[PDB]
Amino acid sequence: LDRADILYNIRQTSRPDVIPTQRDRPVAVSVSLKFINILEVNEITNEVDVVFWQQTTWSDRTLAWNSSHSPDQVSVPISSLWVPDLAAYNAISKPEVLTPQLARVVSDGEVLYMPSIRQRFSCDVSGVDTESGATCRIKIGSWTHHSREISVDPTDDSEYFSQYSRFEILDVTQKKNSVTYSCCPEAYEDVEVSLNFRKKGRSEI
């Protein structure tokens, strides 16, 4: 197969509305945020404006092809794929996608989607101007798929962080959690990302 044949097959049999569950087991979605910049912090309102790469991986076996004498991977527009309906539960702006909306599909059906996102959050900005810094927690999970349909798992903290930010990263921790909504008995899995950061140049003058 060549790239043209693989992309044709995906475009033609793309069920983007259909979650690719295998034998009624959940789709395992891995999520890791790589922080690139912290642009605005407001200690009065407890709001932060951040740029991050949202590394997202899952399997969709309906995409798979025989890689013998074929590409091992192709770039696919996400409009041609099912993508997990992830939301940041404490976002106060829509995610602004800064990058081309293409995912990488591996011949075994693994999908890697990593948009660069600018987004504003409600989180704890207290201590940003101190040595120990602020800890802003961001919670990401499926909006509509509970734990029997989607599982969410986490996958240098400053490796891609801008050296030119007014802020610096002290630590990033990413832990699995579970939330319940009042309407409904099912739990939703989430990743809770704790961004420990502080303002550069905190000497009193």
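Rigid core: the largest C-alpha set superposing within 1.5 Å between the two forms. Counting begins at 1, following the sequence as shown.
Stretch departing more from the displayed form, 176 to 184 or 28 to 36, Cα RMS in 7 other deposited structures of this protein (core fit): Between 176 to 184 and 28 to 36, greater C-alpha deviation in 7 other deposited structures of this protein belongs to 176 to 184.
Out of 15 to 23 and 185 to 193, which one drifts farther from the shown form in 7 other deposited structures of this protein in terms of CA positions, with the fit done on the rigid core? It is 185 to 193 that deviates more in 7 other deposited structures of this protein.
Check the residues of the deposited sequence separating residue 155 from residue 156 and report how many of them have no coordinates, as none, 1 to 3, 4 to 9, or 10 or more. Missing in between: 4 to 9 residues.
Quick one: higher average CA temperature factor, 181 to 189 or 6 to 14? Looking at the record's C-alpha B-factors, the answer is 181 to 189.
Given 80 to 88 and 122 to 130, the range whose Cα B-factors average higher in the PDB entry: Taking the mean B-factor of the alpha carbons in each, 122 to 130 is higher.
Per the entry's Cα B factor values, which of 176, 139, 61, 146 stands out as the maximum? Top of the list by C-alpha B-factor: 176.
Out of 54, 57, 42, 162, which shows the largest CA B-factor listed in the entry? When the deposited C-alpha B-factors of 54, 57, 42, 162 are compared, 42 is largest.
Quick one: classify residue 172 as lowest, middle or highest third of the chain based on its Cα B-factor. Its C-alpha B-factor belongs to the highest third of this chain's values.
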